[PDB]
Every structure is written in C-alpha cells, then in structure tokens.
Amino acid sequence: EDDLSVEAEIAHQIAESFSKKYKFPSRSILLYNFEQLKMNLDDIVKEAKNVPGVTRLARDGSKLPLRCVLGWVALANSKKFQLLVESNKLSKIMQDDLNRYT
C-alpha cells in the first residue's frame, strides 16, 4: 500500500522528466537523461529507491532531486556514464542536492 504509493510517485516524476538533460561533472559538462540509461522504468524506479532519503520524499509526495537520482542510477548501471563522470565531484553534488531536498 505504502510501497505502491512510493513507487507510483517516483515513476510519475521520472516519467515526467524522462528526457530532461541534467548536468553532471566530467573527468575532462556531461549531459545525461533517464532515457540514455536504456533501463526499463521499473528497474529505474527500484534503483531510485536506494538513493538515501528518496523513498521518504516520495512517500510524502514531495519533489524529488532528479539530477541526483539519475546520477546515482547511472553511476550504478551505465559503464559509459561511469567512464565519463568525475565520481568525487558527483558524490559532493549528490550529497548537496540531498541536503537541499530533505
């Protein structure tokens, strides 16, 4: 019941911004979207639930930190993204987005 609501909330927000280009720091700006993952939406949603604080935001119906969620899912799943991204800078950006949204 709770789970269903959390997942629909996350799915709704990711679907709404599926092709929006977010900015990530590169090793050498990396632009990326959810579409580029080439992941099914349910797999993206499952993965997004492990971003600390995201499940709780989704349960409250709050605005998600989507650039952060995308960076995390891409870091965990996309070999290309992992190669291109500056991972330390990414972690700081992800943490700050999370501080701002929670």
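Note that residue numbering follows the sequence shown and begins at 1.
The deposited sequence places 1 to 3 unmodelled residues between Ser28 and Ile29. Comparing the deposited coordinates for 70-78 and 31-39, the stretch with the larger average C-alpha B-factor is 31-39. Checked against the record, the higher mean CA B factor of 42-50 and 61-69 lies with 42-50.
Sort the modelled residues of the chain by CA B factor and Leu4 lands in the highest third.
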